[PDB]
6 protein chains.
Amino acid sequence: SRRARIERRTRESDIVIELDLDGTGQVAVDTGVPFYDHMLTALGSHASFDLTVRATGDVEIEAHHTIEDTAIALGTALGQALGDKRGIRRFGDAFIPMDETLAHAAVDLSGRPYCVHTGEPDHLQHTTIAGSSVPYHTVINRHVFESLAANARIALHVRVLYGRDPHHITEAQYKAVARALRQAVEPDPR
Amino acid sequence: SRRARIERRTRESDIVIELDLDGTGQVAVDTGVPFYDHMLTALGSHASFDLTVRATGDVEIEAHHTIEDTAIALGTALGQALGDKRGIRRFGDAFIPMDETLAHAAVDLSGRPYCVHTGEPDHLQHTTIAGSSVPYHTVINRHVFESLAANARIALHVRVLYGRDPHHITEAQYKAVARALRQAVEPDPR
Amino acid sequence: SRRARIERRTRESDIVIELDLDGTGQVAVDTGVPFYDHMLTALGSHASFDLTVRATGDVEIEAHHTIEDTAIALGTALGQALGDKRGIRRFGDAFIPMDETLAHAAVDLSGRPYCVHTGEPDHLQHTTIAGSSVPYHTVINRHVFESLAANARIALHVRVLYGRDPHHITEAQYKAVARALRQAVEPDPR
Amino acid sequence: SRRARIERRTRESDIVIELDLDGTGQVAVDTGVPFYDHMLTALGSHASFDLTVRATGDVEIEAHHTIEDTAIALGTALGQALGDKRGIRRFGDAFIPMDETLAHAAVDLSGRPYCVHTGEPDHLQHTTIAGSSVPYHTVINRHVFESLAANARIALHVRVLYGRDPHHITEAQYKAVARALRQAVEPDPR
Amino acid sequence: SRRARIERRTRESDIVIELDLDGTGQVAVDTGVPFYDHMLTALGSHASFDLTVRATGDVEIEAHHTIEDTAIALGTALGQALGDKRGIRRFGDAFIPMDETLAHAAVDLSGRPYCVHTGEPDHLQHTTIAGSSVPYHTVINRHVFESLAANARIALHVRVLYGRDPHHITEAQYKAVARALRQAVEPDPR
Amino acid sequence: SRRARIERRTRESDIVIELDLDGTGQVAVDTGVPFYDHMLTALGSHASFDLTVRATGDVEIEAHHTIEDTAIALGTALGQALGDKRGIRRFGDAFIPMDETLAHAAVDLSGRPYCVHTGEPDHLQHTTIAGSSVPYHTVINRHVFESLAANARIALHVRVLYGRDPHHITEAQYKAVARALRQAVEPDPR
Ligand SMILES: CC(C)[C@H](N)c1ncnn1C
Ligand SMILES: CC(C)[C@H](N)c1ncnn1C
Ligand SMILES: CC(C)[C@H](N)c1ncnn1C
Ligand SMILES: CC(C)[C@H](N)c1ncnn1C
Ligand SMILES: CC(C)[C@H](N)c1ncnn1C
Ligand SMILES: CC(C)[C@H](N)c1ncnn1C
Ligand SMILES: [Cl-]
Ligand SMILES: [Cl-]
Ligand SMILES: [Mn+2]
Ligand SMILES: [Mn+2]
Ligand SMILES: [Mn+2]
Ligand SMILES: [Mn+2]
Ligand SMILES: [Mn+2]
Ligand SMILES: [Mn+2]
Ligand SMILES: [Mn+2]
Ligand SMILES: [Mn+2]
Ligand SMILES: [Mn+2]
Ligand SMILES: [Mn+2]
Ligand SMILES: [Mn+2]
Ligand SMILES: [Mn+2]
């Protein structure tokens, strides 16, 4: 079994992650940042992980610290769950069309952090996705992928080929990471 | 079983489609537009569909009306055959090299029409592929992919990375759509 | 003697080639594509080959498949006829002026496919030469030279220095290939 | 079984290839060019081939002749091992992230040579990878992929999306070719 | 008979050339610079010369002095062997395709040194061809052709039309010079 | 025998041409324009023609009328001497290096006038070559080649690849035409 439980308590946040790589998309995410909840639920579900995330942090400041602590904890869990990485596909990639948006992610697990994020339209460096709760600043997308890659110790390449809507651009990237991971972690029959 | 029979009779054309998603590439296409017959035969065959298409239309005008009515009928059949889309991979993509040409298609079935067509060389907006019968104006390629996507209610992204020969560029795109669909419709074991 | 007979039967076409390198320009070509017949007759004749080509293919679609299958079969015949390539000039080149057009070809037989096609005016990527029969799309010129080179296993460099008329540009290139081959295949007295 | 043994003895080199497409990555390569040994070992291993390569050539001149003769022999072996290509996926592609580098390869086996190599940074046309033995001039990468494609009679498209380190750029391309081939040669269950 | 033996002993090198213009390509070259050995062997052989070159020089410094002294000695031998140049074609030219590379040389013997070298890609001014022995700096190509022309007292025009690989670009130029010389030195029957 | 005698008497000039295509370069030219005498002597001699030209014209005006009448008469003689053009090479080309200058000419005899003149440096449109007699305005070079081609009824393509000295540029073009004609008129043994 490829399960990990990570507890991460900092001055800024309190995180619990329970991750199973060999899941059916049983996913529950509650961080206090509802758009981030949606993105991590999409990630767990499209990866066919079982994933629970419970995070409380300093959202009076903004989402950044909670988002980052969550991504660090989640990456740590992914790395621990992967163990020796013996017998897995190792390489994975996925294209995700979302209406006008096309995103792609490619991964190499096998143990050296690296993240390359390209093609995200420049308006996403100062876009806010806002509802009735704590908002999500899309400039953080890159930071989430970097933190994941750095703590899981994997190579993660995330690309936006084109798109316009910041919700479509963001969600397609999270889904692309998710399906790339799904393919990479699967047993390689050879 | 994931089969559909569509009959579409308009002022301009008369179409019958019999489609099975779970096929072995048993394909017979007769539209009166032989290059289109070739492209739809390539599509059915590379998708591992069973597909029969019988169309008669107003080819004295040109192929456009028959091509469009056929693509609408075929997309309708694909949507009906997909039913609830329960348990399928949903996402699919395929690269197709054809000598100098590289084409790509990515699909998301799961229920909102969208089509993005990019990178086709500009000479394909006024190219004719002509033999001894009704010719095929390559400007129609985009129209075929749009009509398919709109009537199957799927997201279809078709890209030409590079190429020169209009037959290679056209056929690689039809084949790319076909293999992307093949992957997307397949049962997802998870 | 440097003779080869190639029969090539595909789903798309039926080809018979009889080639003698040591000929007097006794040439008969019938492919169902009369401008291609003219170009291959010019090639056989200006190479001082004896050449018969009988091809029937799917010209209801367009000339492409028949043209390509013919060029593959012809290149195969050229390679077989050349045998060990012992004692031949190996290198050949020819300039062909045709009114306003100047074309050139250079060849190296001795056994590694390579084709470089340069300087053809851009209007030839979407030009049609049309008469009362199956038309010829000049974009195919490059494809013919590539298929020949790849199946004869020779280096073929075809250049258009300048020109305007697509018939002159096309015919001068076929003639240039023909005279370059003629020189390359001839016994080298040293 | 899909095995081939090729012996190729030229004025410049002496090659023996034993190739099994249906392997477990049992790979032994010795050419006298240790970086090339590494690249061909990566290729055999990531393709899940069993592969032995023993080559001795004129490395006093430089690696080029031995590298080229090896790639020709290896491509010949791949083509022979593939036989009729009945029942295989035929199409394959793979993305390979290697730290900062992202490379891609796409293949079509089914029987016409073609190679398109794009996006390799210009500094790789005059880069040397040098250790204590015979060095490797990265300008040869393109030549290796061309020779492989031409002798296996396949379409091979190799792309560098981006990268900096010439070892990462080179190794990611060899690995991408390897995983694309792996997917293409696998039995297609349909 | 058109034979010359040149001995050239300098502070830097020791050269012996035996040249016969009316040869069969009986060629033996040993300079201590194996890529140069290969280029001069190609030159002698493609010119249908009989040629022996034995050179020892200061290769601890680099190949330059030995290469230059050899080219001077060889040019001197070519000039002496040509004698009165009575009854020869005088003018010669040759195109040499080498995979992606096309090179050309044109010569006028009849008695005034001149060398024009054009079209060599700029990367060849700082490229090294390196094996297990003394390497070859391609910037020297021009110097070799200049030294040959100046000491044989001939006009030599060497052109690279296009190419990429520095070994193909260099070898095609040496072969082009060789076949141009072959044609120029041959008896003119008129 | 391929001989012609042309007498051309106009208001401006009096011309006699005796031409033998199958000559040994027995050439005598006297037009009253000594640089033109030199160019036509070079042409006759390098073509291996036997050629006598006696022209007297209105050189008080300038050389133009005499030069043009001579070129018309000479072209007429070349056409008449060629007769049916049965059994000849038909195509000919020649490169001529002259110190810094490289010129080329290509010819097709077989019966439709055409002349393309390219690459002559712009300073040759207003250059004078002057001695102690009637001078030669190099702008006339093009006119001479046009008049020759038009009256012999041949395709003549003359190119200057590069050069500086107007005497070298002019003389290399006349010599290139001469050697191209020599090759084209020779019996083709096939
Ligand atoms: C100690 C951490 C929470 C710091 N204030 C921070 N803000 C944004 N990124 N980081 C590291
Ligand atoms: C009613 C239809 C056949 C119409 N003339 C048309 N031409 C091209 N596209 N459409 C919709
Ligand atoms: C199987 C062949 C005939 C294919 N449809 C094609 N069209 C154009 N080139 N090719 C290979
Ligand atoms: C005969 C071969 C070994 C030739 N010298 C060469 N060098 C580089 N490529 N090639 C074909
Ligand atoms: C005396 C010679 C050998 C001199 N050092 C030199 N190096 C490179 N070219 N030259 C002439
Ligand atoms: C009648 C002729 C001699 C006329 N003046 C002329 N000058 C230059 N070219 N031409 C035709
Ligand atoms: Cl891509
Ligand atoms: Cl040229
Ligand atoms: Mn941070
Ligand atoms: Mn959403
Ligand atoms: Mn329409
Ligand atoms: Mn086709
Ligand atoms: Mn084709
Ligand atoms: Mn014609
Ligand atoms: Mn090579
Ligand atoms: Mn490595
Ligand atoms: Mn020097
Ligand atoms: Mn070589
Ligand atoms: Mn005039
Ligand atoms: Mn002179």
Side-chain angles (χ1 to χ4, degrees), chain C residues 45-48 89 91-99 101-106 159 161 172 175-184 186, chain E residues 89-95 104 106 108 180 183-184 186 188-190, chain F residues 2 19-23 25 42-49 51 74-75 77-79 81-85 87-97 102-118 144-145 148-149 151-152 154-161 172-190:
Chain C
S45 172
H46 283 273
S48 193
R89 287 188 169 288
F91 296 96
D93 87 283
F95 282 93
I96 304 289
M98 197 171 173
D99 293 5
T101 284
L102 185 63
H104 183 248
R159 303 193 282 150
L161 278 303
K175 288 178 177 171
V177 172
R179 294 198 162 250
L181 288 174
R182 183 173 148 172
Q183 170 169 258
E186 275 176 340
Chain E
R89 287 188 169 288
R90 185 183 163 190
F91 296 96
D93 87 283
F95 282 93
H104 183 248
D108 178 8
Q183 170 169 258
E186 275 176 340
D188 189 334
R190 300 185 68 185
Chain F
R2 301 194 292 170
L19 172 61
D20 190 342
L21 303 187
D22 298 299
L43 184 153
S45 172
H46 283 273
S48 193
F49 294 168
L51 176 63
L74 177 54
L78 177 53
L82 279 173
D84 49 32
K85 311 191 234 224
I88 63 176
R89 287 188 169 288
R90 185 183 163 190
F91 296 96
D93 87 283
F95 282 93
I96 304 289
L102 185 63
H104 183 248
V107 294
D108 178 8
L109 320 180
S110 307
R112 294 183 309 274
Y114 222 95
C115 185
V116 185
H117 183 232
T118 52
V144 165
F145 303 145
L148 274 172
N151 293 276
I154 68 167
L156 181 53
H157 284 56
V158 182
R159 303 193 282 150
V160 177
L161 278 303
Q173 281 183 99
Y174 278 89
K175 288 178 177 171
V177 172
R179 294 198 162 250
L181 288 174
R182 183 173 148 172
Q183 170 169 258
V185 304
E186 275 176 340
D188 189 334
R190 300 185 68 185

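Proteins come first, then strands; the chains are lettered A, B, ... in the order of their sequence lines, and each starts at number 1. Heavy atoms only: backbone and side chains are in, while hydrogens, waters and symmetry mates are out.
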When you check the gap from the basic side-chain N to the acidic O, do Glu186(F) and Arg90(F) get nearer than 4.0 Å?
no
Closest non-hydrogen atom pair between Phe95(C) and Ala106(F), with its separation
CB-CB, 4.0 Å
Does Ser48(F) use its side chain to pair, donor to acceptor, with the backbone of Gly23(F) at less than 3.5 Å?
yes
Any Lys/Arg nitrogen of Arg182(C) or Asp188(F) sitting under 4.0 Å from an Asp/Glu carboxylate oxygen of the other?
yes
Give the minimum heavy-atom separation between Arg179(F) and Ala94(F), together with the two atoms involved.
CB-CB, 3.4 Å
Pairwise side-chain contact, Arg89(F) with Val107(F), heavy-atom cut-off 4.5 Å (strictly under)
no
Non-hydrogen side-chain atoms of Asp20(F) and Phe49(F) separated by less than 4.5 Å
no
Residue pair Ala42(F) / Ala178(F): nearest heavy atoms and the distance that separates them:
O-CB, 4.3 Å
Minimum side-chain heavy-atom gap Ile96(C)-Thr101(C) below 4.5 Å:
no
Indicate yes or no for a side-chain donor-acceptor contact from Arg159(C) to the backbone of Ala105(C) under 3.5 Å, with no hydrogens or angles considered.
no
Min side-chain heavy-atom separation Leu74(F)-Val144(F) under 4.5 Å
no
Give a yes-or-no answer on whether the side chains of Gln173(F) and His104(F) include a donor-acceptor pair shorter than 3.5 Å.
no
Between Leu181(F) and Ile154(F), does the side chain to side chain contact (heavy atoms under 4.5 Å, CB included) criterion hold? Intermediate values first, please.
CA-CA 10 Å; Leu181(F) 288 174; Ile154(F) 68 167; 4.1 Å; yes
Heavy atoms, side chains only, cut-off 4.5 Å: are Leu82(F) and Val185(F) in contact?
yes
Looking only at heavy atoms, what is the nearest atom pair of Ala184(E) and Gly92(E), with distance?
CB-N, 3.8 Å
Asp99(C) backbone acceptor or donor facing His157(F) side chain under 3.5 Å
yes
Which atom pair, heavy atoms only, marks the closest approach of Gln183(C) to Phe91(C)?
CG-O, 4.0 Å
Nearest 0.5 Å, please: how far is CG in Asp108(F) from NZ in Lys175(C)?
6.0 Å
With the side chain counted from C-beta on, respond yes when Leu78(F) and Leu109(F) share a heavy-atom pair under 4.5 Å apart, and no when they do not.
no
Close side-chain approach of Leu102(C) and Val116(F), heavy atoms under 4.5 Å
no
